[PDB]
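# pasting the sequence and an experimental structure:
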Amino acid sequence: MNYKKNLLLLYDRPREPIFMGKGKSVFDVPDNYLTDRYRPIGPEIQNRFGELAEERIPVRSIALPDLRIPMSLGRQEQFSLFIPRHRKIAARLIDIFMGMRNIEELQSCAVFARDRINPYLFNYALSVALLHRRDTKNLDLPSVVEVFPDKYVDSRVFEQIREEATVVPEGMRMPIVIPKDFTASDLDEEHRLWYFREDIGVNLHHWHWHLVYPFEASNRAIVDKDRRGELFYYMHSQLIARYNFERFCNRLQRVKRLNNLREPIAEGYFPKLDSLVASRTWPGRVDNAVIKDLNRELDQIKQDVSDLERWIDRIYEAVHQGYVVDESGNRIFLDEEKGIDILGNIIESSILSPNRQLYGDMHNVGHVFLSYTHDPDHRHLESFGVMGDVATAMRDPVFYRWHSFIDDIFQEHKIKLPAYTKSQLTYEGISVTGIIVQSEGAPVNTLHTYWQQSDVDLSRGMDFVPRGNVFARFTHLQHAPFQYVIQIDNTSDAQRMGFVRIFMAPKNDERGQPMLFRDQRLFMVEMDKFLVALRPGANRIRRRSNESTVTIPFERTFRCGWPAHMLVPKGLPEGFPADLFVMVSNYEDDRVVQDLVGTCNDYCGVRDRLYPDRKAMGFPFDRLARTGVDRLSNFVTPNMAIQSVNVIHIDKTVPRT
Amino acid sequence: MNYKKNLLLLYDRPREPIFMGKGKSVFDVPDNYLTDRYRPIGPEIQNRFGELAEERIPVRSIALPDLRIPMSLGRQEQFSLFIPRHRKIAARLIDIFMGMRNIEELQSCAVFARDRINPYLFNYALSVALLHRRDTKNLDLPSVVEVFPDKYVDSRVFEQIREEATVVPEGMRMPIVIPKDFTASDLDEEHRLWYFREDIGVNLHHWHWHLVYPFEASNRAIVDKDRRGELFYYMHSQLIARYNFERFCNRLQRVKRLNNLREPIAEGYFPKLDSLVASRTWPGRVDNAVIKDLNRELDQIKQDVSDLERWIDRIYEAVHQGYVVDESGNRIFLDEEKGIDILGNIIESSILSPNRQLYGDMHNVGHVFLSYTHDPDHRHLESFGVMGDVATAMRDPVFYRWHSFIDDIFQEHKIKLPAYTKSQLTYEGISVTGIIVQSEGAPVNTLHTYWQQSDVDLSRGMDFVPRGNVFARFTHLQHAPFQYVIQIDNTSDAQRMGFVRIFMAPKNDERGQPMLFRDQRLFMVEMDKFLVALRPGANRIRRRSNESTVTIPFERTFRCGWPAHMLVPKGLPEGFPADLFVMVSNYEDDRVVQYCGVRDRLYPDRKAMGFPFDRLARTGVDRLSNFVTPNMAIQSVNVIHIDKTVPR
Ligand SMILES: [Cu+2]
Ligand SMILES: [Cu+2]
Ligand SMILES: [Cu+2]
Ligand SMILES: [Cu+2]
């Protein structure tokens, strides 16, 4: 009905009162729905903003459950899901929206609440409720860049957008270029990774992943998704694999983990963001900041560094022991199947953790510690730095150090699992004899990258700015389109089903030697995974880069999955050598019997109960090598193939077409 | 298309070869589709009936997966979904039919298989496939009475139907009366409940319920229906409530549970059925038969009584402990919300059970033990008695004892739940001031029952019988139509939505006083549950007996739902006193944002099944008349039976 489309208007101009009129509509709000500030002059307002509106949306007056807790958070305050207290506020609000009887009342509750609670919080609480209600499915949720550009753009632009919108008439407005490589100069070698850390795409993917797989609320409210623990492990694990790749393409070494929390943090980061909702800027972190015990009375944080250290010591113990202990005292075994999934819920701390009290909230609390080095006891009345918000956490270099450490802990479990036997990863009959890649106007086995400007309308997000269009020009990494061509022989006499699993890693190390397996296995980034039917004899399989199951299209992100333009590492101008790897596994073993919708539920989707692959995530390379194996070229079975690829960057700006 | 209608022809005459022609059609069965018995004389056969057919259905020759497993079960053997081995065979066949994507290849696979596999098995496997594919939806499957009358009718009639059909010309054929109250004489007081145990209607309802909610099925999608565990609890729980009602109307006490499996079973039952597919009869059970350890090597059953006892001991422990343990070792808590649902899947064992290995297959294995007392080690090469088949299980009195026990186990959990507070079952503003019932030509607050003959065409099920019509006359309980009239006051100033929940129980005890709540709560049978919009002030709600959400129409059964004619207990000639109860709950709380429209999504009521009375009374409450809140009402009803046979 219309109602579905009317809720989307709430996302429009988050700080402009709801009675000011969104898009080509306006809400006809009761007087008891007006805020205390504006209610005493309600007559003057409803009339004043009624003009220029095609439609007028009525709203029925209900009682509405108590909004005390939702309103506890200040309006000009920041909102993070990492902070213990905010979690309890969101879960209260989400409960109101995710218990609202009708689509009429959801709209009524929302319209009332919207101008009383924190915009950032409202956006989150609504998102999730709509996302997981059974009568608001298939809904096109606005990009959070468009509603909250302050979390994605240098603060400098805002006063230019205000100038341009006020001075120049619509239609004649110049697109505002968004600064890139702006957080640090060349004295800081970390500045080279701007195109990854600060890319709009990857920050949106991270934010959205945490939307659809929260770690707190209610198991029916989306917490208990199949293998979400393993997902948490793998997704974040691939972030660092991809990051480490991009590091090698900028003449840097692999990211160093956060060994121990008492030693200083070498790499500072000033993010250059200004929260228009908080009306303040995010604090920076200086070079050689030290983690400090937190005592944030307001936020309900009383945590010592030793608490964190204690959790880590215990988690390590469990991993080595090989089992964990639940609240009850019983033992649960970290086996080949569910071990990783359990560990994930323990480490991030999802209510699915079999003993939160013992093994703690290790990952999340780390994000808070790192974000509050500048003001840990609240004596300076300052908010958290960028690592305290999922929306912005990936911008800071320390993210990759903290997430690198966490990964080492997971690894400590994976190296205990028994090596995959020759048998286990052989496909009797199937043999892959070669894989190549071809781009239009480029040699075989060669990928190209470059810069590309794209445009985004940030109009809906610019509160109290003259109406009209406000286009912003993003510069971001892009790759030339390509396609894989895989030669597979059947030699069976029957149609064979198979999973095509495509990863890509560096060929050599930082010192220029052909990488060993033990090293290289951890640097393999997944590039594609798809089902294929093989006829007897010979089969030529072709797969386009844009069909990737790791990626989501341009149009989806701007106008949940990994951004398409970030699919290929940057490489070097002189060319960066890389091993492309493909494996065909026996789909009959890997199959997950299931009924599936597969239509852009941002990647097909996988919002259906189960995850569509019985094998472990990162399956060929998640475990150690079997005896005798030493490098990729002798790890291989017949049903696998390796290919030398060369990744060439070109420092030029192509248009978006 | 036609294809949908052509599959329905497979259900016609299950034991007549598929090339003999069904209805006004015939299949053009290839010569390599003829069975090894019939292939060598294909020429003479194909053109025996070759002219006399209006339509001729072609059938394309396809690959056809290996049908070894489906064909493992003998053709002259009995089926049963309780037997472990049959489950694996059926689930595999279901998988084949289900796995042919095209609706034309399904017809081809079916036509081939039909004459190679066990008819009972075929019928099940097809029924399940059709009901749960997308292309074959809303397809009206023929009543299993019409295709397999042997499971529903005294064997005596069959030789009369054969005589009548051979001797007398069509049009002059007399309807065959089906014997009633034929399994036992008046020396057995259990014989009085024939009209319930042996009623066609209720046996069909039971069979069909297990069709749409299986407990084992390749793909955990069709087994995983919303609250199927709680459904399993409640549905079966209502069977016994209704049975116990009918017992009181025949001067009997409440059904005694199977306290322990070592003690003899007092009540024997000879069902008098003859399987025309097995060409044998179902075995009877003698008086004072004892359960015995099973070793049915063929059927793949190796179970000791102590195994059953061990499962029970463990389930009781879990229920008292208040939690279960999954395969992984984790604990899951039997809370107010999902507790009952979990327990249901545990008891009887649905693949949804969080730990089958520990808590076992308790309900199902019980059905097998009870059905094999006469031959537990297969030394006598005899098949299972009536309790071994869902289609026939309700005929035996022991069914209600075994299902009575099982219910007590569920109860043990329900009595742990906290009593519903005055608050929880009050509807602020709403007040029900009275409920009555009226039948045409009968005093107020009075229900009538009687016997009624109905007719069913068993023609499609009578294999190798001269074609024509074969009408059978069933005698079954019936009630005079009636309607409820409910007086509800709003006193709010706004339109209030509400759920009307109507139950009926016996009024008094054996000593002649008002029954106490603790007792009476378990004897309340659901009569209706429907949504109503109330205007401010006063509202007069009227509801017909035939609008009941517990029931399905006549036409569906004869031509899943409780039979309409069985909606009202029998009562006595002198009149049987009963308390009619109604409650209006706040639909806003009970609502679930998504017999009762299309079934395939959710159970439309957030409240527990049997909601007013599933839990113990709050402090101070003692009998129904002080359990009541304003938004409830009680009414004395009198149920009168009349021993006469009315026409339709
Ligand atoms: Cu994250
Ligand atoms: Cu993180
Ligand atoms: Cu049953
Ligand atoms: Cu049963």
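It's in. Residues are numbered from 1 along each chain as shown, chains lettered A, B, ... in the order given. Ligands and ions are numbered 1, 2, ... in the order given.
# which SS state does residue A:653 fall under?
Secondary structure, DSSP: H, G, I helix; E, B strand; the rest coil: residue A:653 is strand.
# enumerate every residue touching it.
A:450, A:451, A:452, A:453, A:475 (C-beta atoms under 8 Å, 6 or more residues apart in numbering or on different chains). For the C-beta atoms, the positions are set from N, CA and C on the backbone; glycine is no exception.
# can you check residue A:573 too?
Residue A:573 neighbours (C-beta under 8 Å, 6+ apart): A:648, A:649, A:650, A:651.
# of the residues you listed, buried ones?
Using 16 or more other C-beta atoms under 10 Å in any protein chain shown as the burial test, the contacts of residue A:573 include A:648, A:649 as buried.
# so which of the contacts of residue A:573 belong to strands?
Assignment to strands by DSSP state E places the following of the contacts of residue A:573 there: A:648, A:649, A:650, A:651.
# just curious, which of the contacts of residue A:653 is nearest to residue A:518?
residue A:450 (34.0 Å; C-beta to C-beta).
# am I right that the closest one is in a helix?
No: under three-state DSSP, residue A:450 falls outside any helix and is assigned strand.
# how long is stretch A:537-552 end to end?
With C-alpha to C-alpha, to the nearest Å as the measure, stretch A:537-552 spans 34 Å from end to end.
# for the contacts of residue A:573, give me a markdown table that also has distance to chain B.
Below are the contacts of residue A:573 laid out as a markdown table (distance: C-beta to the nearest C-beta, whole Å):
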| residue | distance to chain B |
| --- | --- |
| A:648 | 46 |
| A:649 | 47 |
| A:650 | 48 |
| A:651 | 52 |
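# going along the chain, name the strands of the stretch 1-150 of chain A.
A:27-28, A:57-58 (DSSP state E, counting those that start in this stretch).
# hang on, residue A:402 in a strand?
No: assessed with three-state DSSP, residue A:402 is helix; it does not lie in a strand.
# tell me how many other residues crowd it.
When neighbours are defined as other C-beta atoms under 10 Å in any protein chain shown, residue A:402 has 22 of them.
# that one contacts residue A:367, correct?
Yes: applying C-beta atoms under 8 Å, one finds residue A:402 in contact with residue A:367, separated by 7.4 Å.
# tell me, what's touching those two both at once?
residue A:387.
# and residue A:525, backbone torsions?
phi -100, psi 130 (degrees, to the nearest 10).
# bridge partners for it, pull those for me.
Per DSSP bridges, the residues bridged to residue A:525 are residue A:504.
# just confirm it contacts residue A:240, I think it does.
No: assessed by C-beta under 8 Å, residue A:525 is found out of contact with residue A:240, at 10.0 Å.
# which parts of the stretch 451-600 of chain A are strands?
Using DSSP E, counting those that start in this stretch, strands in the stretch 451-600 of chain A cover A:471-479, A:483-489, A:496-506, A:525-534, A:538-544, A:551-552, A:562-563, A:576-586.
# tell me the strands beside the fifth one, with direction?
Pairing partners of strand A:538-544, with direction, according to DSSP bridges: strand A:483-489 (antiparallel).
# nearest residue to residue A:429 in space, please, no chain neighbours.
Excluding its sequence neighbours, the residue lying closest to residue A:429 (C-beta to C-beta, 6 or more residues apart in numbering or on different chains) is residue A:492, at 3.9 Å.
# is chain B contacted by the longest helix seen in chain A?
Looking across chain A with DSSP state H, the single longest helix is helix A:228-248. No: judged by C-beta under 8 Å from any C-beta of the partner chain, helix A:228-248 makes no contact with chain B; its nearest approach is 13.0 Å.
# now the angle from that helix to strand A:496-506?
40 degrees (axes from the mean of the first three to the mean of the last three C-alpha atoms, to 10 degrees).
# show me what the very next helix or strand once past helix A:228-248 is packed up against.
On the C-terminal side of helix A:228-248, the closest following helix or strand by DSSP states H and E is strand A:294-296. Here strand A:294-296 touches strand A:301-303, going by 3 or more C-beta pairs under 8 Å, 6 or more residues apart in numbering or on different chains; DSSP states H and E.
# mind listing what the strand it packs on pairs with, with the direction of each?
strand A:294-296 (antiparallel).
# contact residues of chain A facing chain B?
A:101, A:133-135, A:326, A:328, A:330-333, A:338, A:354, A:593-595.
# dump the helix or strand containing residue A:345 to PDB, restricted to CA.
Using DSSP H and E, residue A:345 maps to helix A:339-348. Only the C-alpha atoms of helix A:339-348 are listed here, as PDB (Å, rounded to 0.1, in the frame of the first residue of the first chain):
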ATOM      1  CA  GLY A 339      33.800 -25.000  16.900                       C
ATOM      2  CA  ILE A 340      34.400 -21.800  14.800                       C
ATOM      3  CA  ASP A 341      30.800 -20.700  15.000                       C
ATOM      4  CA  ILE A 342      30.800 -21.000  18.800                       C
ATOM      5  CA  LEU A 343      34.100 -19.200  19.100                       C
ATOM      6  CA  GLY A 344      32.800 -16.300  17.000                       C
ATOM      7  CA  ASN A 345      29.800 -15.700  19.300                       C
ATOM      8  CA  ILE A 346      32.200 -15.900  22.300                       C
ATOM      9  CA  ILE A 347      34.700 -13.400  20.900                       C
ATOM     10  CA  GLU A 348      32.400 -10.800  19.500                       C
END
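# other SSEs contacting it?
Helix A:339-348 packs on helix A:228-248, helix A:305-321, helix A:362-371, helix A:398-414, going by 3+ C-beta pairs under 8 Å, 6+ apart.
# at 6 Å instead, please
When contacts are defined as 3 or more C-beta pairs under 6 Å, 6 or more residues apart in numbering or on different chains; DSSP states H and E, helix A:339-348 packs onto helix A:228-248, helix A:362-371.
# for that helix, the distance to its chain's centre please.
18 Å (C-alpha atoms, centre = their mean, to the nearest Å).
# show me the contact partners of it.
A:215, A:227, A:229, A:230, A:232, A:233, A:352, A:353, A:359, A:362, A:363, A:413 (C-beta atoms under 6 Å, 6 or more residues apart in numbering or on different chains).
# closest one of the residues you listed to chain B?
residue A:352 (10.2 Å; C-beta to the nearest C-beta).
# skipping adjacent residues, who's closest to that closest one in space?
residue A:345 is the one closest to residue A:352 (C-beta to C-beta, 6+ apart), at 4.1 Å.
# kindly report the same for residue A:530.
Of all residues not flanking residue A:530 in the chain, residue A:500 sits nearest, at 5.3 Å (C-beta to C-beta, 6+ apart).
# now do residue A:237
Residue A:237 sits nearest to residue A:407 (C-beta to C-beta, 6+ apart), 5.4 Å away.
# quick one on the thing from earlier: what angle do the longest helix of chain A and strand A:471-479 make?
80 degrees.
# could you dump the contacts of helix A:339-348 to CSV with neighbour count?
As requested, the contacts of helix A:339-348 are exported to CSV (neighbours: other C-beta atoms under 10 Å in any protein chain shown):
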residue, neighbour count
A:215, 22
A:227, 18
A:229, 25
A:230, 25
A:232, 25
A:233, 29
A:352, 20
A:353, 25
A:359, 23
A:362, 22
A:363, 23
A:413, 19
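# nearest to residue A:583 among those residues?
residue A:230 (19.2 Å).
# so that closest one sits against residue A:619, correct?
No: look at residue A:230 against residue A:619 with C-beta atoms under 6 Å: they stay out of range, at 11.1 Å.
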